[PDB]
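With compact mmCIF, N, CA, C and O atoms and all ligand atoms inside, this is final_8.txt:
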```
# COMPACT_ATOMS: atom_id res chain seq x y z
N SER T 1 63.43 44.96 -64.82
CA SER T 1 62.74 45.21 -63.56
C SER T 1 63.50 46.20 -62.70
O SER T 1 62.89 46.96 -61.93
N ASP T 2 64.83 46.20 -62.78
CA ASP T 2 65.60 47.15 -61.99
C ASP T 2 65.51 48.56 -62.59
O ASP T 2 65.57 49.54 -61.84
N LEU T 3 65.33 48.66 -63.91
CA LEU T 3 65.30 49.98 -64.54
C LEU T 3 64.06 50.78 -64.14
O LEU T 3 64.11 52.02 -64.12
N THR T 4 62.95 50.12 -63.83
CA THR T 4 61.74 50.85 -63.45
C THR T 4 61.97 51.68 -62.18
O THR T 4 61.36 52.73 -62.00
N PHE T 5 62.84 51.22 -61.29
CA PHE T 5 63.06 51.98 -60.07
C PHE T 5 63.84 53.26 -60.35
O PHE T 5 63.76 54.22 -59.57
N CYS T 6 64.60 53.30 -61.43
CA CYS T 6 65.38 54.50 -61.74
C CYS T 6 64.48 55.70 -62.00
O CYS T 6 64.79 56.81 -61.58
N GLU T 7 63.35 55.49 -62.69
CA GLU T 7 62.41 56.59 -62.92
C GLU T 7 61.87 57.14 -61.61
O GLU T 7 61.71 58.35 -61.45
N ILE T 8 61.57 56.24 -60.67
CA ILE T 8 61.03 56.65 -59.38
C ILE T 8 62.05 57.50 -58.64
O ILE T 8 61.73 58.58 -58.11
N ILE T 9 63.30 57.02 -58.58
CA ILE T 9 64.37 57.76 -57.90
C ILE T 9 64.61 59.08 -58.60
O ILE T 9 64.85 60.11 -57.95
N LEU T 10 64.62 59.09 -59.94
CA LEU T 10 64.81 60.34 -60.66
C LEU T 10 63.75 61.37 -60.30
O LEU T 10 64.06 62.54 -60.05
N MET T 11 62.48 60.94 -60.26
CA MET T 11 61.39 61.84 -59.89
C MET T 11 61.58 62.38 -58.48
O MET T 11 61.33 63.57 -58.22
N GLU T 12 62.00 61.52 -57.55
CA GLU T 12 62.24 61.98 -56.19
C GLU T 12 63.35 63.02 -56.17
O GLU T 12 63.26 64.03 -55.45
N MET T 13 64.42 62.80 -56.92
CA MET T 13 65.50 63.78 -56.96
C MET T 13 65.03 65.08 -57.60
O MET T 13 65.36 66.17 -57.11
N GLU T 14 64.26 64.99 -58.68
CA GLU T 14 63.77 66.19 -59.35
C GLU T 14 62.92 67.04 -58.42
O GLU T 14 62.84 68.27 -58.60
N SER T 15 62.26 66.42 -57.45
CA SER T 15 61.34 67.07 -56.53
C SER T 15 62.01 67.53 -55.24
O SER T 15 61.34 68.13 -54.40
N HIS T 16 63.29 67.24 -55.05
CA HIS T 16 63.95 67.50 -53.78
C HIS T 16 64.31 68.98 -53.66
O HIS T 16 64.71 69.62 -54.63
N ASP T 17 64.21 69.52 -52.44
CA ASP T 17 64.52 70.93 -52.22
C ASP T 17 65.95 71.28 -52.63
O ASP T 17 66.20 72.42 -53.06
N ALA T 18 66.90 70.37 -52.46
CA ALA T 18 68.31 70.64 -52.74
C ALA T 18 68.69 70.36 -54.19
O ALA T 18 69.88 70.44 -54.53
N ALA T 19 67.72 70.06 -55.06
CA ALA T 19 68.04 69.65 -56.41
C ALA T 19 68.16 70.81 -57.39
O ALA T 19 68.53 70.57 -58.55
N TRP T 20 67.88 72.04 -56.96
CA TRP T 20 67.81 73.15 -57.90
C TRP T 20 69.05 73.31 -58.78
O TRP T 20 68.89 73.70 -59.95
N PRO T 21 70.28 73.03 -58.33
CA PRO T 21 71.42 73.21 -59.25
C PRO T 21 71.47 72.20 -60.38
O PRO T 21 72.22 72.42 -61.34
N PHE T 22 70.75 71.09 -60.27
CA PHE T 22 70.99 69.90 -61.08
C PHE T 22 69.86 69.60 -62.05
O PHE T 22 69.93 68.62 -62.78
N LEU T 23 68.80 70.41 -62.05
CA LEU T 23 67.60 70.07 -62.80
C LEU T 23 67.83 70.12 -64.30
O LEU T 23 67.18 69.37 -65.04
N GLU T 24 68.67 71.04 -64.78
CA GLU T 24 68.87 71.31 -66.19
C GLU T 24 70.37 71.45 -66.42
O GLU T 24 71.12 71.69 -65.46
N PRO T 25 70.83 71.36 -67.66
CA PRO T 25 72.27 71.55 -67.90
C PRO T 25 72.73 72.89 -67.35
O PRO T 25 72.02 73.88 -67.42
N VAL T 26 73.97 72.93 -66.87
CA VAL T 26 74.55 74.21 -66.46
C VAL T 26 74.50 75.18 -67.62
O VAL T 26 74.83 74.84 -68.76
N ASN T 27 74.12 76.42 -67.32
CA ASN T 27 74.03 77.47 -68.32
C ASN T 27 75.34 78.24 -68.33
O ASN T 27 75.67 78.90 -67.33
N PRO T 28 76.12 78.17 -69.40
CA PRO T 28 77.42 78.83 -69.39
C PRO T 28 77.34 80.34 -69.32
O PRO T 28 78.35 80.96 -68.99
N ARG T 29 76.17 80.94 -69.61
CA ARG T 29 75.98 82.38 -69.39
C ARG T 29 75.91 82.72 -67.91
O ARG T 29 76.16 83.88 -67.56
N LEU T 30 75.54 81.77 -67.06
CA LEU T 30 75.45 82.00 -65.63
C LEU T 30 76.70 81.57 -64.89
O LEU T 30 77.04 82.19 -63.89
N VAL T 31 77.36 80.51 -65.35
CA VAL T 31 78.46 79.88 -64.63
C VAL T 31 79.70 79.99 -65.51
O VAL T 31 79.98 79.15 -66.35
N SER T 32 80.49 81.04 -65.28
CA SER T 32 81.55 81.38 -66.20
C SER T 32 82.64 80.32 -66.23
O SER T 32 83.16 79.91 -65.19
N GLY T 33 83.02 79.89 -67.44
CA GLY T 33 84.13 78.97 -67.60
C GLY T 33 83.89 77.56 -67.11
O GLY T 33 84.84 76.81 -66.89
N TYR T 34 82.63 77.18 -66.96
CA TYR T 34 82.29 75.84 -66.43
C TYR T 34 83.03 74.71 -67.14
O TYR T 34 83.67 73.86 -66.48
N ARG T 35 83.06 74.75 -68.47
CA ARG T 35 83.65 73.65 -69.22
C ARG T 35 85.18 73.67 -69.24
O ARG T 35 85.79 72.70 -69.68
N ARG T 36 85.83 74.73 -68.77
CA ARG T 36 87.27 74.66 -68.56
C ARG T 36 87.62 73.55 -67.58
O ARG T 36 88.64 72.87 -67.73
N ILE T 37 86.78 73.39 -66.56
CA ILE T 37 87.02 72.45 -65.47
C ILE T 37 86.22 71.15 -65.64
O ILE T 37 86.75 70.06 -65.38
N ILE T 38 84.94 71.24 -66.04
CA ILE T 38 84.03 70.11 -66.12
C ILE T 38 83.95 69.65 -67.56
O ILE T 38 83.32 70.30 -68.41
N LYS T 39 84.58 68.51 -67.83
CA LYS T 39 84.68 68.00 -69.18
C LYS T 39 83.53 67.10 -69.57
O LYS T 39 83.29 66.92 -70.77
N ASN T 40 82.78 66.56 -68.61
CA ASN T 40 81.66 65.66 -68.89
C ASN T 40 80.45 66.09 -68.08
O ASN T 40 80.10 65.43 -67.09
N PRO T 41 79.80 67.19 -68.47
CA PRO T 41 78.63 67.66 -67.72
C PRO T 41 77.51 66.62 -67.71
O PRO T 41 77.34 65.84 -68.64
N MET T 42 76.70 66.67 -66.66
CA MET T 42 75.52 65.84 -66.57
C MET T 42 74.50 66.56 -65.71
O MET T 42 74.86 67.38 -64.86
N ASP T 43 73.22 66.23 -65.93
CA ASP T 43 72.11 66.88 -65.23
C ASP T 43 70.89 65.97 -65.32
O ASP T 43 70.85 65.04 -66.11
N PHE T 44 69.88 66.27 -64.50
CA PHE T 44 68.71 65.40 -64.42
C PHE T 44 67.84 65.44 -65.68
O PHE T 44 67.14 64.46 -65.94
N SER T 45 67.83 66.55 -66.43
CA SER T 45 67.07 66.58 -67.68
C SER T 45 67.69 65.65 -68.72
O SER T 45 66.98 64.91 -69.41
N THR T 46 69.02 65.70 -68.86
CA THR T 46 69.70 64.77 -69.75
C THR T 46 69.45 63.33 -69.33
O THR T 46 69.19 62.47 -70.18
N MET T 47 69.49 63.06 -68.02
CA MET T 47 69.21 61.70 -67.55
C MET T 47 67.79 61.27 -67.89
O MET T 47 67.56 60.13 -68.31
N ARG T 48 66.81 62.16 -67.71
CA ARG T 48 65.43 61.82 -68.07
C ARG T 48 65.31 61.53 -69.56
O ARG T 48 64.62 60.59 -69.97
N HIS T 49 65.95 62.35 -70.39
CA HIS T 49 65.92 62.15 -71.84
C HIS T 49 66.43 60.76 -72.21
O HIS T 49 65.81 60.04 -73.01
N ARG T 50 67.54 60.36 -71.60
CA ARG T 50 68.12 59.07 -71.93
C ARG T 50 67.31 57.92 -71.35
O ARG T 50 67.10 56.91 -72.03
N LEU T 51 66.81 58.05 -70.12
CA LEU T 51 66.05 56.98 -69.50
C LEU T 51 64.78 56.69 -70.28
O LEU T 51 64.40 55.53 -70.46
N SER T 52 64.11 57.75 -70.76
CA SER T 52 62.86 57.62 -71.49
C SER T 52 63.05 56.98 -72.86
O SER T 52 62.07 56.58 -73.48
N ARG T 53 64.29 56.90 -73.36
CA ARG T 53 64.60 56.37 -74.68
C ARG T 53 65.45 55.10 -74.63
O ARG T 53 66.12 54.75 -75.61
N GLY T 54 65.41 54.38 -73.51
CA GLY T 54 66.19 53.17 -73.39
C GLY T 54 67.68 53.39 -73.51
O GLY T 54 68.41 52.48 -73.90
N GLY T 55 68.15 54.60 -73.19
CA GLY T 55 69.56 54.91 -73.24
C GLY T 55 70.38 54.31 -72.11
O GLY T 55 71.62 54.35 -72.18
N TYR T 56 69.74 53.78 -71.08
CA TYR T 56 70.44 53.05 -70.03
C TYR T 56 70.12 51.57 -70.19
O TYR T 56 68.95 51.18 -70.18
N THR T 57 71.15 50.76 -70.37
CA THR T 57 70.92 49.33 -70.47
C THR T 57 70.83 48.66 -69.11
O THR T 57 70.40 47.50 -69.04
N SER T 58 71.22 49.34 -68.04
CA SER T 58 71.15 48.79 -66.70
C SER T 58 70.97 49.92 -65.71
O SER T 58 71.33 51.07 -65.98
N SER T 59 70.46 49.56 -64.53
CA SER T 59 70.36 50.53 -63.45
C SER T 59 71.72 51.08 -63.06
O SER T 59 71.83 52.24 -62.71
N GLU T 60 72.77 50.25 -63.13
CA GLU T 60 74.12 50.71 -62.81
C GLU T 60 74.53 51.88 -63.70
O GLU T 60 75.21 52.81 -63.26
N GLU T 61 74.17 51.82 -64.98
CA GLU T 61 74.53 52.92 -65.89
C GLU T 61 73.82 54.21 -65.50
O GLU T 61 74.39 55.30 -65.61
N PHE T 62 72.56 54.11 -65.08
CA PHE T 62 71.84 55.28 -64.58
C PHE T 62 72.51 55.84 -63.33
O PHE T 62 72.72 57.05 -63.22
N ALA T 63 72.88 54.97 -62.39
CA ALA T 63 73.54 55.41 -61.17
C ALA T 63 74.85 56.13 -61.48
O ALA T 63 75.20 57.09 -60.79
N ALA T 64 75.59 55.66 -62.48
CA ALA T 64 76.84 56.32 -62.83
C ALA T 64 76.60 57.75 -63.28
O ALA T 64 77.39 58.64 -62.95
N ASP T 65 75.52 58.01 -64.02
CA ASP T 65 75.21 59.38 -64.40
C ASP T 65 74.78 60.21 -63.21
O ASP T 65 75.17 61.38 -63.10
N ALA T 66 74.01 59.63 -62.28
CA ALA T 66 73.66 60.37 -61.08
C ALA T 66 74.90 60.78 -60.31
O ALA T 66 75.04 61.93 -59.89
N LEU T 67 75.84 59.84 -60.12
CA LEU T 67 77.04 60.17 -59.38
C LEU T 67 77.92 61.18 -60.13
O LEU T 67 78.60 61.99 -59.50
N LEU T 68 77.89 61.17 -61.46
CA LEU T 68 78.60 62.18 -62.25
C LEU T 68 78.06 63.57 -61.97
O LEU T 68 78.84 64.53 -61.85
N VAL T 69 76.74 63.72 -61.84
CA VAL T 69 76.17 65.01 -61.44
C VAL T 69 76.85 65.51 -60.17
O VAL T 69 77.30 66.66 -60.09
N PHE T 70 76.91 64.65 -59.15
CA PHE T 70 77.41 65.10 -57.85
C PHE T 70 78.92 65.24 -57.84
O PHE T 70 79.46 66.13 -57.18
N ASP T 71 79.62 64.37 -58.57
CA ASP T 71 81.07 64.48 -58.68
C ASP T 71 81.47 65.77 -59.38
O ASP T 71 82.43 66.43 -58.97
N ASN T 72 80.75 66.14 -60.45
CA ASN T 72 81.07 67.41 -61.11
C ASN T 72 80.85 68.59 -60.16
O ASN T 72 81.65 69.52 -60.12
N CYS T 73 79.78 68.54 -59.37
CA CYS T 73 79.49 69.59 -58.37
C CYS T 73 80.67 69.71 -57.39
O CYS T 73 81.11 70.81 -57.11
N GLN T 74 81.15 68.58 -56.89
CA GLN T 74 82.24 68.57 -55.93
C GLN T 74 83.55 69.06 -56.56
O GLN T 74 84.35 69.72 -55.90
N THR T 75 83.78 68.73 -57.83
CA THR T 75 84.99 69.17 -58.53
C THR T 75 84.99 70.67 -58.74
O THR T 75 86.05 71.30 -58.66
N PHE T 76 83.83 71.24 -59.05
CA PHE T 76 83.76 72.65 -59.41
C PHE T 76 83.59 73.57 -58.21
O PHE T 76 84.06 74.72 -58.27
N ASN T 77 82.96 73.11 -57.13
CA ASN T 77 82.52 73.97 -56.04
C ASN T 77 83.13 73.57 -54.71
O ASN T 77 83.31 72.38 -54.43
N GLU T 78 83.38 74.56 -53.86
CA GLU T 78 83.81 74.30 -52.49
C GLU T 78 82.69 73.67 -51.67
O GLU T 78 81.50 73.94 -51.87
N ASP T 79 83.09 72.83 -50.70
CA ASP T 79 82.11 72.08 -49.92
C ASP T 79 81.16 72.99 -49.15
O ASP T 79 80.00 72.63 -48.94
N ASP T 80 81.62 74.16 -48.72
CA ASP T 80 80.81 75.06 -47.91
C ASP T 80 80.06 76.10 -48.72
O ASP T 80 79.39 76.96 -48.14
N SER T 81 80.15 76.06 -50.05
CA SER T 81 79.33 76.93 -50.88
C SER T 81 77.90 76.40 -50.88
O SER T 81 77.65 75.23 -50.57
N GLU T 82 76.95 77.25 -51.26
CA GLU T 82 75.56 76.79 -51.27
C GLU T 82 75.36 75.65 -52.27
O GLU T 82 74.70 74.66 -51.95
N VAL T 83 75.95 75.76 -53.48
CA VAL T 83 75.79 74.67 -54.44
C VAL T 83 76.57 73.44 -53.98
O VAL T 83 76.09 72.31 -54.16
N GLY T 84 77.75 73.61 -53.40
CA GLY T 84 78.48 72.46 -52.91
C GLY T 84 77.71 71.71 -51.85
O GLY T 84 77.67 70.47 -51.84
N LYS T 85 77.09 72.44 -50.93
CA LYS T 85 76.27 71.82 -49.90
C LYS T 85 75.11 71.05 -50.52
O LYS T 85 74.79 69.93 -50.08
N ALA T 86 74.48 71.64 -51.54
CA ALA T 86 73.38 70.96 -52.21
C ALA T 86 73.82 69.65 -52.84
O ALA T 86 73.10 68.65 -52.78
N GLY T 87 74.99 69.64 -53.49
CA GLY T 87 75.49 68.41 -54.08
C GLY T 87 75.71 67.31 -53.05
O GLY T 87 75.38 66.15 -53.30
N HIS T 88 76.26 67.66 -51.89
CA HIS T 88 76.46 66.66 -50.84
C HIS T 88 75.13 66.14 -50.32
O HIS T 88 74.99 64.94 -50.05
N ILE T 89 74.15 67.02 -50.13
CA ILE T 89 72.82 66.59 -49.70
C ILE T 89 72.22 65.62 -50.71
O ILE T 89 71.67 64.56 -50.36
N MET T 90 72.30 65.98 -51.99
CA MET T 90 71.71 65.15 -53.03
C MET T 90 72.42 63.82 -53.18
O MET T 90 71.77 62.80 -53.41
N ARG T 91 73.75 63.81 -53.06
CA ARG T 91 74.47 62.54 -53.14
C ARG T 91 74.02 61.61 -52.00
O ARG T 91 73.78 60.42 -52.21
N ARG T 92 73.95 62.14 -50.78
CA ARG T 92 73.52 61.32 -49.65
C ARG T 92 72.11 60.79 -49.87
O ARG T 92 71.82 59.63 -49.57
N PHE T 93 71.21 61.65 -50.36
CA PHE T 93 69.84 61.24 -50.65
C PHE T 93 69.82 60.13 -51.69
O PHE T 93 69.17 59.09 -51.50
N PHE T 94 70.51 60.34 -52.81
CA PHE T 94 70.56 59.34 -53.86
C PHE T 94 71.09 58.00 -53.34
O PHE T 94 70.51 56.94 -53.62
N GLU T 95 72.23 58.02 -52.65
CA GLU T 95 72.81 56.77 -52.19
C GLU T 95 71.90 56.06 -51.21
O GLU T 95 71.80 54.83 -51.22
N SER T 96 71.21 56.81 -50.36
CA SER T 96 70.31 56.21 -49.39
C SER T 96 69.12 55.55 -50.10
O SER T 96 68.74 54.41 -49.77
N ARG T 97 68.52 56.25 -51.06
CA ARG T 97 67.41 55.67 -51.80
C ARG T 97 67.85 54.48 -52.63
O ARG T 97 67.14 53.47 -52.69
N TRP T 98 69.03 54.56 -53.25
CA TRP T 98 69.53 53.44 -54.03
C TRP T 98 69.62 52.19 -53.17
O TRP T 98 69.20 51.11 -53.59
N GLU T 99 70.14 52.33 -51.95
CA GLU T 99 70.24 51.17 -51.07
C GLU T 99 68.87 50.60 -50.74
O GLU T 99 68.69 49.38 -50.68
N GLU T 100 67.88 51.46 -50.50
CA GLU T 100 66.55 50.97 -50.16
C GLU T 100 65.92 50.21 -51.32
O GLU T 100 65.26 49.18 -51.12
N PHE T 101 66.10 50.71 -52.55
CA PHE T 101 65.46 50.08 -53.69
C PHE T 101 66.14 48.81 -54.14
O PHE T 101 65.49 47.94 -54.74
N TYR T 102 67.43 48.67 -53.87
CA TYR T 102 68.21 47.59 -54.47
C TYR T 102 68.83 46.64 -53.45
O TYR T 102 69.38 45.61 -53.86
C1 LIG L 201 67.40 80.80 -64.99
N1 LIG L 201 67.08 79.76 -64.01
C2 LIG L 201 66.28 80.34 -62.94
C3 LIG L 201 68.31 79.17 -63.49
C4 LIG L 201 68.07 78.16 -62.38
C5 LIG L 201 69.30 77.28 -62.20
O1 LIG L 201 70.40 78.12 -61.98
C6 LIG L 201 71.63 77.55 -61.72
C7 LIG L 201 71.84 76.19 -61.67
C8 LIG L 201 73.10 75.70 -61.39
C9 LIG L 201 74.19 76.54 -61.16
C10 LIG L 201 75.46 76.00 -60.79
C11 LIG L 201 76.49 76.79 -60.26
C12 LIG L 201 77.67 76.16 -59.87
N2 LIG L 201 78.78 76.85 -59.34
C13 LIG L 201 78.77 78.29 -59.17
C14 LIG L 201 78.01 78.77 -57.94
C15 LIG L 201 77.89 80.29 -57.91
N3 LIG L 201 76.97 80.70 -58.95
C16 LIG L 201 77.37 81.13 -60.14
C17 LIG L 201 76.23 81.46 -60.83
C18 LIG L 201 75.16 81.21 -60.00
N4 LIG L 201 75.62 80.74 -58.86
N5 LIG L 201 77.82 74.86 -59.94
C19 LIG L 201 76.81 74.17 -60.45
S1 LIG L 201 77.04 72.39 -60.55
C20 LIG L 201 75.66 71.81 -61.46
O2 LIG L 201 78.30 72.11 -61.26
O3 LIG L 201 77.01 71.86 -59.22
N6 LIG L 201 75.64 74.67 -60.86
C21 LIG L 201 73.95 77.92 -61.22
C22 LIG L 201 72.69 78.41 -61.51
```
Take the structure in the file and give it back as structure tokens.
Ligand SMILES: CN(C)CCCOc1ccc(-c2cc(NCCCn3cccn3)nc(S(C)(=O)=O)n2)cc1
Amino acid sequence: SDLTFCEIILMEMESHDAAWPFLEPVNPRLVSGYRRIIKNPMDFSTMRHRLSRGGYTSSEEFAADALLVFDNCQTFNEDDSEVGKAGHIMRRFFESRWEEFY
């Protein structure tokens, strides 16, 4: 019953104005040397793939992947960059919705 809310939250994040950096895996042709720094990439497409296939055994596991998206953003980008700002917006949005649903 808790896992059904993850799809709803995922859809809301996919639709958010600030979500553009996170929709698909980082493209290494666009973001030079990404994997030198980010050893465990994550993105909303990968999360959708796993959620749709029972790859999350609990809502907590889904939340951990959401936070990994934002933690990787914060590790790679300065807070005042456009992508860094987007990550902070999305983390706040995610955490707020998580509290409402749970
Ligand atoms: C072809 N299709 C329309 C592309 C649409 C999506 O394009 C993206 C998506 C995500 C990025 C990107 C970048 C970045 N740090 C660098 C910021 C400076 N920058 C370098 C290249 C571009 N901007 N960090 C991150 S993340 C996920 O670690 O926070 N994600 C980039 C492009």
Could you tell me, counting only C-alpha atoms and all ligand atoms, which protein and nucleic acid residues lie no more than 8 Å from ligand LIG 201 (chain L), written as a ChimeraX atom specification? /T:20-27,30-32,34,38,41-43,69-70,72-77,81-84,86-87
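Shell of residue 91 (chain T) at 8 Å, with all atoms listed in the file counted and residues fewer than 2 places along the chain excluded, is residues 18, 66, 67, 69, 70, 71, 84, 85, 86, 87, 88, 89, 93, 94, 95, 96, 97 and 98 of chain T.
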Would you list, as number ranges by chain, the residues of region 28-76 of chain T that end up in alpha helix (DSSP H) under DSSP run on this structure's backbone? T: 34-37, 44-51, 59-76
Atom O of residue 6 (chain T) and CA of residue 57 (chain T) are how many Å apart? 13.1 Å
Quick one: pull the distance between atom C of residue 61 (chain T) and atom C of residue 35 (chain T), Å, one decimal. 22.8 Å
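Note that the spacing between atom O of residue 79 (chain T) and atom C of residue 14 (chain T) amounts to 20.3 Å.
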Take every atom of region 42-57 of chain T listed in the file, pad by 8 Å on each side, and give me the axis-aligned box centre and edge lengths in Å, one decimal, as lines of an AutoDock Vina configuration file.
```
center_x = 69.4
center_y = 57.4
center_z = -70.0
size_x = 30.6
size_y = 35.9
size_z = 27.2
```
Nearby residues (only N, CA, C and O atoms) at most 7 Å from residue 58 (chain T), same-chain spacing under 4 positions excluded, as a PyMOL selection string: chain T and resi 2-3+62-63
